Amino acid sequence: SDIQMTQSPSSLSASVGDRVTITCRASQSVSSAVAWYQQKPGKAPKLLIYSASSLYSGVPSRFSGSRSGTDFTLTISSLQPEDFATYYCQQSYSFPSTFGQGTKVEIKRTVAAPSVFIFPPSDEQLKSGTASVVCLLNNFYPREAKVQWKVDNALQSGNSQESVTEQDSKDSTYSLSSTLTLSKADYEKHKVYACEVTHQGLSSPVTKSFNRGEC
Amino acid sequence: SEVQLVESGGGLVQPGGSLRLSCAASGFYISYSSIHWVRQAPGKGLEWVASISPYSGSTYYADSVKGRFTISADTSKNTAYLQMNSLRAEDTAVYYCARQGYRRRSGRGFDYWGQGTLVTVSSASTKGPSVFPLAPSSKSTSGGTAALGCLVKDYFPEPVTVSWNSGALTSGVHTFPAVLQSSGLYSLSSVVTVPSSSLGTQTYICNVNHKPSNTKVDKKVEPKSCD
RNA sequence: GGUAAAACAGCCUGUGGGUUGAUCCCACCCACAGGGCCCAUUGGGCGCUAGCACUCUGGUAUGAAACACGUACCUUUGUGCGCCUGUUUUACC
């Protein structure tokens with residue numbers, strides 16, 4: 001039976017200088033054969049801690065690991081800006097090896113409302129038979145945000161996709177794009193295209209809209 | 001650093017197809033080490049795949065790849081391999097080679113990792129993107145700030161790169177993670193916020209490069225002529 | 001009374017009954033009833049700070065080494081040897 005490594009929390013928001021503790025709980029004995037890694041977006045993981053509590057050569061002393069039975073902790077005594085990253089535990093007591101699901105440590109900051117922009121499909125795209133309508137939520141915090149598409153005041157569902165940037169290195173905000181996809185024939189059936197945005201920094205939802213074909 | 005691992009052999013493969021990945025070591029000899037493969041699906045966590053032990057050649061596999069993948073190592077070529085058969089969409093991932101370090105120095109920790117190589121398992125065919133403008137408007141402003149961009153639609157496989165004004169424009173640029181569409185093709189947007197007063201005099205060009213299809217597109221993004 | 005040798009019983013604790021001696025009376029047996037500790041558990045084992053050898057089960061440390069190989073160990077299973085107590089014998093004093 002494969003050894004499970006249950007890692008918690010899945011995400012942490014902390015201010016620079018805060019202490020954070022990340023926990024990984026094994027489902028069977030793994031002795032002390034537990035390693036911790038740091039990974040930044042687009043980069044390979046880096047070893048931090050081996051054998052549950054030993055600091056890997058060259059790793060700063062603010063990182064530490066501890067074992068209590070089958071529960072393992074990684075502690076960062078005082079976060080520095082370069083420490084915001086994803087962290088993974090790993091058991092290598094027996095095969096098959098198991099990584100924990102990861103903890104993403106992100107920077108806490110004050111609330112910032114998104115700036116919202118809506119883009120009609122280009123005339124060029126329309127000639128080919130598809131309409132992509134794009135809604136941009138720029139530089140907001142925290143990450144949690146709700147985008148709703150309305151077409152002549154009818155709520156859309158299932159025909160949009162969104163994605164979110166990684167937290168900005170300068171201002172610690174997020175940005176989000178949502179794309180609504182329609183056929184050209186369906187697009188031409190309606191006039192008002194609206195993106196309605198709910199966010200903690202907005203006392204009431206903001207709607208940006210355009211009339212199909214207006215300047 | 002002198003110690004390096006370099007994965008190669010990734011790319012597109014059809015469901016049910018085969019690929020062999022290579023892991024070339026430099027600055028150390030793999031014959032004194034265990035070598036491991038670890039993979040990461042887009043936006044997901046690390047998943048251990050397979051390993052091979054020194055001096056015995058013993059091999060170990062994750063249940064998720066048992067019977068389909070074979071790990072091996074060539075002492076003379078100082079290279080490890082992952083033969084992958086019967087691939088499925090869910091095997092799409094960046095595949096890393098990793099050195100398990102020396103027992104006395106770092107226990108069983110994996111002390112060196114390659115940069116990884118992307119494997120995409122899909123029935124879709126390679127295709128360069130269509131690039132459409134996201135035009136600014138004066139009626140669409142956040143104060144004196146306007147937004148514009150490029151929609152990079154219907155390309156396959158990952159990745160694409162976007163720059164603005166050939167890398168001269170970096171401030172305020174957000175290039176979003178791609179989404180996989182139901183068609184099996186990817187799409188992403190890249191935007192930038194600029195002063196509204198600049199829109200008449202300042203030119204904006206997004207430079208889109210899709211290496212898998214040898215496609216490069218430069219798209220000028222302008223206010224609509226009526227604006 | 002003692003000495004020596006080959007045996008037999010002993011995880012721990014009851015409750016009956018038998019054995020075989022007149023009664024008695026322990027030892028053995030039998031049944032029953034429980035209560036622990038361990039193991040590799042449709043079940044099996046446990047007299048032992050008196051332990052040893054080999055063998056297995058599962059482990060540790062180490063050699064650039066999780067397995068395999070070498071080295072030094074621990075543990076468990078089984079077997080043999082040793083040991084303690086109790087009882088019965090045989091040789092001898």
Side-chain angles (χ1 to χ4, degrees), chain A residues 1-5 7 24-37 44-59 65-72 74 88-100, chain B residues 1-7 22-39 46-83 96-114:
Chain A
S1 179
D2 296 353
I3 303 178
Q4 306 304 306
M5 296 293 276
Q7 192 173 339
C24 186
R25 304 181 67 184
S27 67
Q28 302 173 33
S29 177
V30 295
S31 184
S32 298
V34 171
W36 291 92
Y37 304 86
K46 294 189 190 298
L47 181 64
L48 302 168
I49 299 293
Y50 65 90
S51 295
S53 58
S54 291
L55 187 63
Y56 177 59
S57 179
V59 180
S66 178
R67 167 184 176 196
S68 171
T70 45
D71 302 322
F72 297 85
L74 171 75
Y88 296 91
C89 62
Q90 178 198 16
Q91 73 85 17
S92 295
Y93 181 71
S94 42
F95 296 110
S97 186
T98 314
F99 287 91
Chain B
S1 67
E2 198 180 356
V3 166
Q4 291 213 48
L5 301 168
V6 179
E7 306 90 346
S22 298
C23 168
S26 300
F28 76 106
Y29 291 105
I30 66 176
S31 63
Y32 307 106
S33 304
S34 291
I35 302 296
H36 297 249
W37 286 93
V38 178
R39 72 186 179 179
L46 304 172
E47 184 189 11
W48 181 86
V49 170
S51 68
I52 181 164
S53 301
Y55 308 112
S56 60
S58 293
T59 55
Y60 303 90
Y61 298 94
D63 194 74
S64 57
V65 306
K66 180 189 181 181
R68 301 184 300 126
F69 291 13
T70 305
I71 186 176
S72 64
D74 183 311
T75 295
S76 294
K77 297 177 187 284
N78 207 33
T79 299
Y81 305 91
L82 187 68
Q83 178 65 46
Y96 296 101
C97 188
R99 183 181 86 169
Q100 179 177 323
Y102 302 108
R103 180 168 58 208
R104 173 143 268 162
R105 300 287 290 121
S106 52
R108 296 180 185 168
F110 296 2
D111 58 349
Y112 286 92
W113 295 64

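For the numbers below, each heavy atom of this structure counts, side chains included, while hydrogens, waters and symmetry mates do not. Chain naming here is simple, since letters A, B, ... match the order of the sequence lines and numbering starts at 1 in each.
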For RNA chain C, which nucleotides open and close the run of contacts to chain B, 5' to 3', at under 4.0 angstrom from a non-hydrogen atom?
-> C:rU62 to C:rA68
Could you work out the separation of C:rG80 and C:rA7 based on their P atoms and round it to a whole Å?
-> 13 Å
Should B:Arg39 and B:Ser64 count as side-chain neighbours, where that means a heavy-atom distance under 4.5 Å?
-> yes
So what's C:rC54 doing, north or south, if we go by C1'-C2'-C3'-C4' (plus is north, minus is south)?
-> north
Distance between P atoms of C:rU42 and C:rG78 (Å, rounded) = 14 Å
Return yes if some donor-acceptor pair links the side-chain N/O of A:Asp71 with the main-chain N/O of A:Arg25 below 3.5 Å, else return no.
-> no
Reckon B:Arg105 touches a base, only the sugar-phosphate, or nothing at all at heavy-atom distances under 4.0 Å?
-> nothing
Base partner of C:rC56, which must satisfy Watson-Crick or wobble distances under 3.5 Å = none
As its Watson-Crick or G-U partner within any shown strand, both distances under 3.5 Å, C:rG1 has C:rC93
Measure the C1'-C2'-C3'-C4' torsion in the sugar of C:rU42, then label it north if positive and south if negative.
-> south
What nucleic acid atoms does B:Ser31 come within less than 4.0 Å of, heavy atoms only: base, sugar-phosphate, or nothing?
-> nothing
Could you label the plane-to-plane angle of the B:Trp113 and A:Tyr37 rings as parallel, tilted or perpendicular, counting under 30° as parallel and over 60° as perpendicular?
-> perpendicular
B:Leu5 and B:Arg99, any side-chain heavy atoms less than 4.5 Å apart | yes
Side-chain heavy atoms of B:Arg108 within contact of A:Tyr50, under 4.5 Å = no
As its Watson-Crick or G-U partner within any shown strand, both distances under 3.5 Å, C:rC12 has C:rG34
Sugar conformation, C:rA66 - torsion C1'-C2'-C3'-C4' sign | south
Non-neighbouring partners of B:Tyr60 that pass ring pair (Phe, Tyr, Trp, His ring centres under 6.0 Å), sequence neighbours left out | A:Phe95
Could you check which nucleotide pairs with C:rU42 in any of the strands shown, counting Watson-Crick or G-U wobble with both distances under 3.5 Å?
-> none
Which nucleotide, in any strand shown, forms a Watson-Crick or G-U wobble pair with C:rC69, with both distances under 3.5 Å?
-> C:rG63
For atom P, what is the distance between C:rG47 and C:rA66, given to the nearest Å?
-> 40 Å
Contact class for B:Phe28 (heavy atom, under 4.0 Å): base, sugar-phosphate, or nothing?
-> nothing
For B:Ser72 and B:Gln83, does a side-chain donor sit closer than 3.5 Å to a side-chain acceptor?
-> no
Is there a Watson-Crick or G-U wobble partner for C:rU76 with both distances under 3.5 Å, and which nucleotide is it?
-> none
Using a cut-off of 4.0 Å on non-hydrogen atoms, how would the nucleic acid contact of B:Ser33 be classed: base, sugar-phosphate, or nothing?
-> nothing
Sugar of C:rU41 - north (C1'-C2'-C3'-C4' positive) or south (negative) = south
With rounding to whole Å, what would you report as the distance between C:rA50 and C:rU85 at their P atoms?
-> 13 Å
Say you pick atom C1' in C:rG45 and the same atom in C:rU76; how far apart are they, in whole Å?
-> 12 Å
Contact class for A:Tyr93 vs. all strands (heavy atom < 4.0 Å): base, sugar-phosphate, or nothing?
-> base
How far, in whole Å, is C:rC37 from C:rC67 if one measures between their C1' atoms?
-> 34 Å
More than 12 heavy atoms of other groups within 6.0 Å of B:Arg68 CZ = yes
Can you figure out if C:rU49 has a north or south sugar, judging by whether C1'-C2'-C3'-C4' is positive or negative?
-> south
